[PDB]
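Hydrogens, waters and symmetry mates are skipped; everything else that's a heavy atom, side chains included, is used. A note on names: the letters A, B, ... follow the listed sequences, proteins ahead of strands, and every chain is numbered from 1.
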Amino acid sequence: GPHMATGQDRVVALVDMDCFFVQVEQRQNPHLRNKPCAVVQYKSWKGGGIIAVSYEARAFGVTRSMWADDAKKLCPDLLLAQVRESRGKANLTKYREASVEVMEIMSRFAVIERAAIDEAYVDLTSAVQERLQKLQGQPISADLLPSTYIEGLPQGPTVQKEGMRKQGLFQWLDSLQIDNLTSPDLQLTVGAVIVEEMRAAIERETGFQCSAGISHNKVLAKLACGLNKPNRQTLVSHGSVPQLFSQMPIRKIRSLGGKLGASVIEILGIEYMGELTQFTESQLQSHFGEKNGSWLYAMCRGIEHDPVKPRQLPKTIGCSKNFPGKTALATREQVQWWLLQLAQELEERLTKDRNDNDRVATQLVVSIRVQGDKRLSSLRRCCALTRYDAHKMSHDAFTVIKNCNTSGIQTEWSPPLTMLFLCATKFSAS
DNA sequence: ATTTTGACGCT
Ligand SMILES: [Ca+2]
Ligand SMILES: [Mg+2]
């Protein structure tokens, strides 16, 4: 009752660039705009692997992970942009720099947590408080929310999508009590106004469109963002959670898409997030551990406390290459040459990072995979990173991995290497 | 033969 926490203390947004790599290429090449198109890395093997798909192309069934030749079977007019290749490998610099464009705009509005190259969480609590003080009890016009969906509405006693959107928004705004400045629903609504403004600024200043979710925590914000894509934003209120979760497969909630969510489903014999409310917190901890159990018990009620962390820059700078099937590295000189390629890209990115961000990496992590192992990484070893020098870094990585070679022969490498990975970590201010 | 990333938890 009066002491039951409701997880309504914050306003949190999750902003997600729509088909991001595709938009970067479409901004650069107008011929690709408003067309079925995809971004592909490499071209030799089956036309290349698709890593991003425009919504026009998704309408044909084109997906990420698809080979471009197969996507062309589904969508013969599919247009393709290739990821740059440098030093023998795919190079993602253009997309990292475009990401920085967007993150810097978002940071003008609020503290952001970089969640991935194309998405950030936004802590809007303070900004909402200030905006509420500016408004002076003035009601919020639907005109301030031209691309917002209110999940769960309309309901109760038009056949077009925008008409439904407006009907639900009208019902929401008509019910709102704008005089109570501590109303969580009002606070979410002002948050959505700010996010409309943020998304307008991003589009104006970069050309990039995005979707967003607005709710009271990160997990609900993330889930809300996916409900109406592309180029739209969705408000998920605390009150919407019971109905939303009543048919929501558990795997849709962030962190439950893998083995843990599968174990929740199997051990508990349930399918939907709302079905979790019928277990005690101790029951959930008994099956899934103290932390996961407490998290699940609160999350299925719409409550989560993970903070938006003030971190706009990545914590690691890495580069890796797979060597599948017959291309697996079988000679020492091969391994060394590719370590050098990876190390040279790493040095370039590290020097740029040091100049832009006043920090230096202090640890070099080296990871390899050996042929036959199902795990993504077979072995990981670290060494000191004391100089931004590609030859030193490649030599050191070889030093820490060279004992993995089972071969009795000197120049040969066995078992062959199917993956190399260099990662700079443990940054310190400089 | 998806590939190339990135953050975080466990022990
Ligand atoms: Ca995205
Ligand atoms: Mg994303």
Side-chain angles (χ1 to χ4, degrees), chain A residues 14 16 20-21 24 38-53 62-71 80 82-100 103 112-121 218-219 222 254-260 263 288-296 304 306-329 338 341-342 345-346 349-350 353 361 363 365-369 371-372 374 376-377 380 416-427:
Chain A
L14 181 278
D16 196 326
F20 184 47
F21 289 15
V24 177
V39 169
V40 297
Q41 62 191 356
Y42 310 114
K43 214 77 175 58
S44 307
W45 185 266
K46 295 182 178 181
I50 292 179
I51 58 173
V53 189
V62 180
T63 62
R64 184 169 295 120
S65 96
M66 193 165 273
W67 299 113
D69 290 350
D70 301 331
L80 300 178
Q82 284 183 79
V83 173
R84 169 189 177 196
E85 282 175 56
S86 306
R87 294 181 243 265
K89 66 177 295 289
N91 185 297
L92 305 176
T93 298
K94 187 196 299 184
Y95 315 108
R96 289 193 189 98
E97 293 178 353
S99 183
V100 167
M103 305 285 171
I112 78 169
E113 177 184 345
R114 185 199 199 270
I117 195 165
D118 82 311
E119 45 176 83
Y121 295 93
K218 290 162 74 172
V219 162
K222 170 62 178 301
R254 193 201 78 205
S255 81
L256 298 186
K259 287 180 179 183
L260 172 62
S263 66
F288 313 109
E290 185 184 313
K291 188 173 168 178
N292 287 336
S294 283
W295 182 85
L296 292 163
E304 210 225 4
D306 181 41
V308 176
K309 293 156 189 60
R311 181 186 57 73
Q312 187 181 166
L313 307 173
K315 298 180 165 190
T316 54
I317 294 182
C319 66
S320 78
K321 185 159 176 52
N322 289 356
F323 303 97
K326 273 169 239 174
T327 72
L329 311 187
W338 279 112
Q341 303 320 292
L342 291 179
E345 175 185 329
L346 191 54
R349 289 163 57 191
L350 280 175
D353 184 76
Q363 193 175 66
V365 176
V366 190
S367 183
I368 68 179
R369 195 180 185 188
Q371 202 162 45
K374 182 182 178 299
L376 280 65
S377 168
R380 210 211 74 161
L417 296 189
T418 54
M419 182 275 294
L420 298 175
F421 181 29
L422 296 178
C423 189
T425 70
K426 301 203 182 309
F427 286 93

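Considering only side-chain atoms of A:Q41, the nucleotide from B:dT4, B:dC10, B:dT5 that sits closest is B:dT4. In the set B:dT2, B:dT5, B:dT3, B:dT3 carries the atom at the smallest distance from any side-chain atom of A:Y42. Residue A:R349 has its side chain nearest to B:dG6 when only B:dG6, B:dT4, B:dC8 are considered. Counting only heavy atoms from C-beta on, A:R114 has its side chain closest to B:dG6 among B:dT5, B:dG6, B:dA1. Out of B:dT2, B:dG6, B:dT3, the shortest distance to the side chain of A:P314 is found at B:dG6. Nearest nucleotide to the A:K291 side chain, out of B:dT5, B:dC10, B:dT4: B:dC10. For A:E345, the side-chain atoms get nearest to B:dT5 when compared with the rest of B:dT2, B:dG6, B:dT5. The side chain of A:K309 approaches B:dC8 more closely than any other nucleotide in the set B:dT5, B:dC8, B:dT4. Out of B:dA1, B:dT2, B:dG6, the shortest distance to the side chain of A:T327 is found at B:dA1.
Between the side chains of A:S367 and A:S377, at least one donor N or O sits under 3.5 Å from an acceptor N or O. A donor atom on one side chain and an acceptor atom on the other are not found under 3.5 Å apart for A:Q371 and A:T418.
Contact annotation: A:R96 side-chain N/O to B:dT5 OP1/OP2 distance is under 4.0 Å. Side-chain nitrogen and oxygen atoms of A:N322 include none within less than 4.0 Å of the OP1 or OP2 phosphate oxygen of B:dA1.
Residue A:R369 contributes atom CZ, which lies 13 Å from atom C1' of B:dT4 at whole-angstrom precision. The separation between A:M419 atom CE and B:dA1 atom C1' is 15 Å, rounded to whole Å. Rounded to whole Å, the distance from CZ on A:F20 to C1' on B:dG6 is 15 Å. Note: NZ (A:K315) to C1' (B:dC8) measures 8 Å, nearest angstrom. Put simply, CD on A:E97 is 16 Å from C1' on B:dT5, counting in whole angstrom units. Note: CZ (A:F21) to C1' (B:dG6) measures 12 Å, nearest angstrom. In this structure, NZ of A:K426 is placed 16 Å from P of B:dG6, rounded to the nearest angstrom. Atom P of nucleotide B:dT4 and atom CZ of A:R87 are separated by 16 Å, given to the nearest angstrom.
Judged by closest nucleotide on DNA chain B, A:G49 is the one of A:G49 and A:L376 placed further toward the 5' end. Residues A:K321 and A:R311 both approach DNA chain B. Their nearest nucleotides, taken by heavy-atom distance, put A:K321 toward the 5′ side.
Contact annotation for A:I117: no contact, since no heavy-atom pair falls under 4.0 Å across all strands. Residue contacts shown for A:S65 include a base, since a base heavy atom lies under 4.0 Å away. If you check every strand for non-hydrogen atoms under 4.0 Å, A:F421 touches nothing. Counting any heavy atom pair closer than 4.0 Å across all strands shown, A:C423 reaches no nucleic acid atom.
Of all the heavy atoms in A:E119 and A:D16, the pair that sits closest is OE1-OD2, 3.1 Å. Taking each heavy atom of A:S255 and A:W295 in turn, the nearest pair found is OG-CH2, 3.4 Å.
Of the possible polar contacts, one joining the A:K309 side chain to the A:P307 backbone as a donor-acceptor pair under 3.5 Å is found. In terms of modelled atom types and a separation under 3.5 Å, the side chain of A:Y121 and the main chain of A:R114 share no donor-acceptor contact.
The aromatic ring of A:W45 sits over the base of B:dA1, with ring centres less than 5.5 Å apart and planes tilted by under 30°.
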